[PDB]
file run.pdb (PDB, C-alpha atoms (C1' of nucleotides) and all ligand atoms)
ATOM      1  CA  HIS A 550      10.890  25.003   0.535
ATOM      2  CA  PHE A 551      10.996  21.235   1.074
ATOM      3  CA  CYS A 552       8.503  18.376   0.825
ATOM      4  CA  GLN A 553       7.264  16.193   3.678
ATOM      5  CA  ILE A 554       7.484  13.120   1.419
ATOM      6  CA  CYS A 555      11.061  13.278   0.099
ATOM      7  CA  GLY A 556      12.631  16.244   1.855
ATOM      8  CA  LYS A 557      13.769  17.453  -1.571
ATOM      9  CA  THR A 558      14.261  21.212  -1.437
ATOM     10  CA  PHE A 559      12.834  23.501  -4.110
ATOM     11  CA  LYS A 560      13.870  27.098  -4.795
ATOM     12  CA  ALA A 561      10.248  28.067  -5.538
ATOM     13  CA  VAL A 562       6.878  26.935  -4.205
ATOM     14  CA  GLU A 563       5.622  27.041  -7.803
ATOM     15  CA  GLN A 564       7.751  24.021  -8.755
ATOM     16  CA  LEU A 565       7.629  22.371  -5.343
ATOM     17  CA  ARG A 566       3.847  22.196  -5.758
ATOM     18  CA  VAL A 567       4.120  20.493  -9.159
ATOM     19  CA  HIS A 568       6.450  17.997  -7.469
ATOM     20  CA  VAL A 569       3.895  17.072  -4.799
ATOM     21  CA  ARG A 570       1.432  16.547  -7.655
ATOM     22  CA  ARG A 571       3.858  13.932  -9.000
ATOM     23  CA  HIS A 572       3.428  11.932  -5.774
ATOM     24  CA  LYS A 573      -0.186  10.909  -6.429
ATOM     25  CA  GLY A 574       1.085   9.129  -9.558
ATOM     26  CA  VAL A 575      -1.583  10.151 -12.063
ATOM     27  CA  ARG A 576      -1.107   8.238 -15.334
ATOM     28  CA  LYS A 577      -3.816   9.723 -17.558
ATOM     29  CA  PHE A 578      -1.973   9.110 -20.862
ATOM     30  CA  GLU A 579      -2.102   5.563 -22.242
ATOM     31  CA  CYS A 580      -0.559   4.164 -25.413
ATOM     32  CA  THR A 581      -3.218   2.866 -27.802
ATOM     33  CA  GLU A 582      -1.000  -0.022 -28.924
ATOM     34  CA  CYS A 583       0.676  -1.607 -25.887
ATOM     35  CA  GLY A 584      -1.624  -0.100 -23.241
ATOM     36  CA  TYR A 585       1.232   1.419 -21.232
ATOM     37  CA  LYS A 586       0.226   4.363 -19.042
ATOM     38  CA  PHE A 587       2.267   7.572 -18.922
ATOM     39  CA  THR A 588       2.568  10.530 -16.564
ATOM     40  CA  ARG A 589       3.196  13.088 -19.336
ATOM     41  CA  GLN A 590       2.013  13.544 -22.911
ATOM     42  CA  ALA A 591       5.623  14.037 -24.021
ATOM     43  CA  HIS A 592       6.455  10.616 -22.575
ATOM     44  CA  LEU A 593       3.751   9.148 -24.824
ATOM     45  CA  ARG A 594       4.772  10.824 -28.092
ATOM     46  CA  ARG A 595       8.420   9.904 -27.502
ATOM     47  CA  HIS A 596       7.277   6.325 -26.860
ATOM     48  CA  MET A 597       5.581   5.941 -30.251
ATOM     49  CA  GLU A 598       8.807   6.927 -32.023
ATOM     50  CA  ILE A 599      10.124   3.523 -30.941
ATOM     51  CA  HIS A 600       6.889   1.813 -32.029
ATOM     52  CA  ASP A 601       7.834   2.809 -35.587
ATOM     53  CA  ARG A 602      11.314   1.264 -35.287
ATOM     54  CA  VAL A 603      10.469  -2.212 -33.988
ATOM     55  CA  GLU A 604       7.234  -4.083 -34.688
ATOM     56  CA  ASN A 605       6.859  -6.134 -31.478
ATOM     57  CA  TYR A 606       7.146  -3.698 -28.560
ATOM     58  CA  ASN A 607       5.637  -4.350 -25.120
ATOM     59  CA  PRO A 608       7.392  -3.041 -21.981
ATOM     60  CA  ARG A 609       6.588  -3.852 -18.375
ATOM     61  CA  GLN A 610       5.106  -1.231 -16.049
ATOM     62  CA  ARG A 611       8.092   0.660 -14.644
ATOM     63  CA  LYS A 612       8.000   2.011 -11.101
ATOM     64  CA  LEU A 613       7.766   5.719 -10.344
ATOM     65  CA  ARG A 614      10.788   7.047  -8.507
ATOM     66  CA  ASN A 615       9.063   8.984  -5.698
ATOM     67  CA  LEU A 616       6.240   7.575  -3.574
TER      68      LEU A 616
ATOM     69  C1'  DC B   1      24.105 -14.613 -10.224
ATOM     70  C1'  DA B   2      27.456 -10.972 -10.583
ATOM     71  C1'  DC B   3      28.729  -7.555 -13.964
ATOM     72  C1'  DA B   4      28.867  -4.211 -17.778
ATOM     73  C1'  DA B   5      26.588  -1.775 -21.174
ATOM     74  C1'  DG B   6      22.727  -0.350 -23.764
ATOM     75  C1'  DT B   7      17.874   1.234 -23.085
ATOM     76  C1'  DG B   8      13.981   4.225 -22.438
ATOM     77  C1'  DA B   9      10.775   5.881 -18.975
ATOM     78  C1'  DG B  10      10.606   9.610 -14.689
ATOM     79  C1'  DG B  11      11.299  13.792 -13.423
ATOM     80  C1'  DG B  12      13.792  18.234 -12.704
ATOM     81  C1'  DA B  13      14.306  22.789 -15.156
ATOM     82  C1'  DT B  14      12.321  27.801 -18.018
ATOM     83  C1'  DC B  15       8.462  29.519 -20.460
ATOM     84  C1'  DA B  16       3.965  30.493 -23.097
TER      85       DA B  16
ATOM     86  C1'  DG C   1      -4.678  22.700 -13.386
ATOM     87  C1'  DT C   2      -2.495  22.452 -17.805
ATOM     88  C1'  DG C   3       1.663  21.301 -21.625
ATOM     89  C1'  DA C   4       5.723  21.939 -24.617
ATOM     90  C1'  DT C   5      10.682  21.344 -24.580
ATOM     91  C1'  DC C   6      15.616  20.413 -23.222
ATOM     92  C1'  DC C   7      17.938  17.114 -20.695
ATOM     93  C1'  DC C   8      19.857  14.334 -17.056
ATOM     94  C1'  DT C   9      18.876  10.870 -14.517
ATOM     95  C1'  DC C  10      18.234   5.806 -13.146
ATOM     96  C1'  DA C  11      15.598   1.689 -13.189
ATOM     97  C1'  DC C  12      15.030  -2.024 -16.717
ATOM     98  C1'  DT C  13      16.961  -4.622 -20.143
ATOM     99  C1'  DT C  14      20.356  -7.097 -22.588
ATOM    100  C1'  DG C  15      24.504  -9.540 -23.235
ATOM    101  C1'  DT C  16      28.823 -11.663 -21.304
TER     102       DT C  16
HETATM  103 ZN    ZN D   1       8.276  15.119  -2.453
HETATM  104 ZN    ZN D   2       3.008   1.358 -26.470
END

call {"tool": "encode", "arguments": {"input": "run.pdb", "output": "structure tokens"}}
result
Amino acid sequence: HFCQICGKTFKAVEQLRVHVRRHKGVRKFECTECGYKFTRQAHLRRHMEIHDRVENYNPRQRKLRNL
DNA sequence: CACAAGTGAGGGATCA
DNA sequence: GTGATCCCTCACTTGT
């Protein structure tokens, strides 16, 4: 099973389908300090661990890897 | 501005 | 549709 966007093959349609969901680029998780939007909750909780290290943290919006 | 190295966000996996 | 986790990537970032 492959995708018409990347051509990346997937051994199961269950995880190919969650890959096509990554194409719409839904960023529903936002940091309540620097306003940066995230695709996963785990990406947000890992991000605050660095907000405790440094005081002045503000990254630029990074690009998603697949369109 | 190339270049290396350190950085952290994106995205793949199994599973409840 | 979640999401949690383990982890490897790779674009930014920094320094030379
Ligand atoms: Zn795809
Ligand atoms: Zn933040």

call {"tool": "closest_atom_pairs", "arguments": {"input": "run.pdb", "of": "chain A", "to": "ligand ZN 2 (chain D)", "cutoff": "7 Å", "atoms": "only C-alpha atoms and all ligand atoms", "output": "CSV"}}
result
residue,atom,partner,partner_atom,distance
A:580,CA,D:ZN2,ZN,4.7
A:581,CA,D:ZN2,ZN,6.5
A:582,CA,D:ZN2,ZN,4.9
A:583,CA,D:ZN2,ZN,3.8
A:584,CA,D:ZN2,ZN,5.8
A:585,CA,D:ZN2,ZN,5.5
A:596,CA,D:ZN2,ZN,6.6
A:597,CA,D:ZN2,ZN,6.5
A:600,CA,D:ZN2,ZN,6.8
A:606,CA,D:ZN2,ZN,6.9
A:607,CA,D:ZN2,ZN,6.4

call {"tool": "residues_near_ligand", "arguments": {"input": "run.pdb", "ligand": "ligand ZN 1 (chain D)", "cutoff": "12 Å", "atoms": "all atoms listed in the file", "output": "ChimeraX atom specification"}}
result
/A:550-559,564-574,614-616 /B:11

call {"tool": "resolve_selection", "arguments": {"input": "run.pdb", "expression": "the PyMOL selection byres ((chain A) within 8 of (chain B))", "output": "list in words"}}
result
residues 592, 611, 613 and 614 of chain A

call {"tool": "interface_residues", "arguments": {"input": "run.pdb", "of": "chain C", "to": "chain A", "cutoff": "9 Å", "atoms": "all atoms listed in the file", "output": "list in words"}}
result
residues 3, 4, 5, 10, 11 and 12 of chain C

call {"tool": "atom_distance", "arguments": {"input": "run.pdb", "atom1": "CA of residue 577 (chain A)", "atom2": "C1' of residue 2 (chain C)"}}
result
12.8 Å

call {"tool": "atom_distance", "arguments": {"input": "run.pdb", "atom1": "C1' of residue 9 (chain C)", "atom2": "CA of residue 598 (chain A)"}}
result
20.6 Å

call {"tool": "atom_distance", "arguments": {"input": "run.pdb", "atom1": "CA of residue 602 (chain A)", "atom2": "CA of residue 575 (chain A)"}}
result
28.0 Å

call {"tool": "axis_aligned_box", "arguments": {"input": "run.pdb", "around": "region 597-611 of chain A", "padding_each_side": "4 Å", "output": "JSON"}}
result
{"center_x": 8.2, "center_y": 0.4, "center_z": -25.1, "size_x": 14.2, "size_y": 21.1, "size_z": 28.9}

call {"tool": "decode", "arguments": {"input": "run.pdb", "residues": "chain A", "atoms": "C-alpha atoms", "output": "compact mmCIF listing (two decimals), in the first residue's frame"}}
result
# COMPACT_ATOMS: atom_id res chain seq x y z
CA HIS A 550 0.00 0.00 0.00
CA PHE A 551 1.41 3.35 -1.14
CA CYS A 552 0.25 6.97 -1.03
CA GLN A 553 -0.58 9.18 -4.01
CA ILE A 554 1.18 12.12 -2.32
CA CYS A 555 4.61 10.69 -1.46
CA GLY A 556 4.62 7.19 -2.91
CA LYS A 557 5.82 5.97 0.49
CA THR A 558 4.84 2.33 0.89
CA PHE A 559 3.17 1.06 4.06
CA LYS A 560 2.89 -2.57 5.17
CA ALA A 561 -0.63 -1.96 6.51
CA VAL A 562 -3.52 0.27 5.46
CA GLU A 563 -4.05 1.02 9.16
CA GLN A 564 -0.82 3.03 9.34
CA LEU A 565 -0.93 4.26 5.75
CA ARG A 566 -4.23 5.95 6.62
CA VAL A 567 -2.73 7.73 9.64
CA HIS A 568 0.02 8.93 7.29
CA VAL A 569 -2.44 10.52 4.86
CA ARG A 570 -3.97 12.25 7.89
CA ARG A 571 -0.55 13.81 8.48
CA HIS A 572 -0.77 15.50 5.06
CA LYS A 573 -3.56 17.92 6.00
CA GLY A 574 -1.18 19.35 8.62
CA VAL A 575 -3.53 19.71 11.58
CA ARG A 576 -1.80 21.58 14.41
CA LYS A 577 -4.42 21.51 17.17
CA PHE A 578 -1.91 21.66 20.07
CA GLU A 579 -0.46 25.09 20.88
CA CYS A 580 2.04 26.07 23.56
CA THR A 581 0.54 28.53 26.04
CA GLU A 582 3.83 30.40 26.39
CA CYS A 583 5.40 30.90 22.95
CA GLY A 584 2.27 30.17 20.89
CA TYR A 585 3.94 27.46 18.80
CA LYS A 586 1.53 24.96 17.26
CA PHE A 587 2.17 21.21 17.38
CA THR A 588 0.91 18.16 15.51
CA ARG A 589 1.03 15.84 18.55
CA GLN A 590 0.43 16.24 22.27
CA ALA A 591 3.73 14.47 22.97
CA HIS A 592 5.50 17.13 20.91
CA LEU A 593 3.99 19.75 23.22
CA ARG A 594 4.89 18.14 26.56
CA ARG A 595 8.44 17.48 25.36
CA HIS A 596 8.62 21.14 24.31
CA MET A 597 7.84 22.49 27.79
CA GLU A 598 10.72 20.49 29.27
CA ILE A 599 13.00 22.97 27.50
CA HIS A 600 10.89 25.92 28.71
CA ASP A 601 12.02 24.98 32.22
CA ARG A 602 15.71 24.99 31.24
CA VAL A 603 16.00 28.37 29.52
CA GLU A 604 13.88 31.43 30.33
CA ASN A 605 13.73 33.14 26.91
CA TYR A 606 12.55 30.52 24.40
CA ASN A 607 10.80 31.38 21.12
CA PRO A 608 11.35 29.18 18.03
CA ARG A 609 10.27 29.89 14.48
CA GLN A 610 7.52 27.86 12.81
CA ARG A 611 9.28 24.82 11.35
CA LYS A 612 8.05 23.28 8.11
CA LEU A 613 6.32 19.91 7.99
CA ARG A 614 8.24 17.32 6.01
CA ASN A 615 5.44 15.96 3.79
CA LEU A 616 3.02 18.16 1.85
